[PDB]
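The block underneath contains the structure these notes are about, expressed in structure tokens.
Here, residue 1 is the first one in the sequence, and each next residue gets the next number. Each ligand, and each atom within it, is numbered from 1 in the order the structure gives.
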Amino acid sequence: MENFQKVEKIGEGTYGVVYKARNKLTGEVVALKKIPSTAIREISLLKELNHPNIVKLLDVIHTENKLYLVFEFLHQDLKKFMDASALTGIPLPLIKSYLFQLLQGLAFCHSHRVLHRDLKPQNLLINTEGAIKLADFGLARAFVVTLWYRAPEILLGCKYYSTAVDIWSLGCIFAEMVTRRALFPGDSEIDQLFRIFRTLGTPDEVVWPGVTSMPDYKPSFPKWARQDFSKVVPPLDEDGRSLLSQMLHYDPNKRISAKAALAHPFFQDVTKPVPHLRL
Ligand SMILES: C/C(=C1/SC(=N)NC1=O)c1ccc(-c2ccc(S(N)(=O)=O)cc2)o1
């Protein structure tokens, strides 16, 4: 860490704290995260996971039984941009571009069976070029935090969940980009699940085989009718509703995979517009 001058505290987490920082040697501006043993082999292997849509891990520094991950630095995150554009809302060609690239990113990690596990708008970093990247990828396998984006399999006690959880999270963020409100803003675990249920219907065994046998499934969960996406994300168009729908599927094995969403007719006219930032 002695090769770094900390320019500014740019955030906070549960793993540790993040600082903008200038490399005494290279001059590079980087983001420094200040955070045992198989954490190192798991972190060092993500260093080999490079993609235009993943915030690049530049270096991992092990000293004093403290760990530091120097990442490439992007100036803004999605949550900040979203609060910034609350009165007009992100234009749809820009939402669609953001979504396309994010799914490209996830298409890549998911190939390697790496998953993010904790996507939320504060982990998605954007630049004035109109690019958007995933930050904190793979940090979870190693090693108030919101549940807003948590897939219901995780909420219901699945130990061994899959890449589909990232597709669930992405769907929630996509709904939020379009509507300008979080889709399922739970304040605790059961309110989170019960919010999911109120919109998309309590899952049963017809929509989700095996739902009733999961650890934290109770037969006594209330039973809500499903609602129409025409009421959930107006005025997103039918391609968008169709896509969103497939990304919020209860059955993790029926949920659309990133690779497959990429071929959806929603992205048929996808472009690459540049944001109006002020970062
Ligand atoms: C690299 C990195 C992060 S963020 C995170 N949760 N984990 C990281 O590694 C990073 C780089 C730049 C930023 C970042 C984050 C937030 C902001 S904000 N919304 O302007 O305060 C500006 C920049 O985070």
With heavy-atom distances below 4.0 Å as the criterion, list the atoms of ligand 1 near [X].
| X | result |
| --- | --- |
| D77 | 16 (C), 19 (N) |
| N123 | 6 (N) |
| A31 | 1 (C), 2 (C), 10 (C), 11 (C) |

Verify whether one side chain among [X] and [Y] offers a donor that lies under 3.5 Å from an acceptor in the other.
| X | Y | result |
| --- | --- | --- |
| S188 | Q192 | no |
| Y250 | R255 | no |
| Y149 | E176 | yes |
| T212 | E205 | yes |
| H116 | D136 | no |

How far is [atom] from its nearest protein heavy atom, and which residue and atom name does that atom have?
| atom | result |
| --- | --- |
| atom 8 (C) of ligand 1 | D136 OD1, 3.1 Å |
| atom 23 (C) of ligand 1 | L74 O, 3.3 Å |
| atom 15 (C) of ligand 1 | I10 O, 4.0 Å |
| atom 18 (S) of ligand 1 | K80 CD, 4.1 Å |
| atom 2 (C) of ligand 1 | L125 CD1, 3.7 Å |
| atom 17 (C) of ligand 1 | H75 O, 4.0 Å |

Checklist entry - Looking at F229 and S245, what are the two nearest heavy atoms and their distance? => result CE1-OG, 3.5 Å

Item to check | Residue pair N50 / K47: nearest heavy atoms and the distance that separates them | outcome: ND2-O, 3.7 Å

Checklist entry - What about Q122: any of its N or O atoms under 3.5 Å from an N or O on ligand 1? => result no

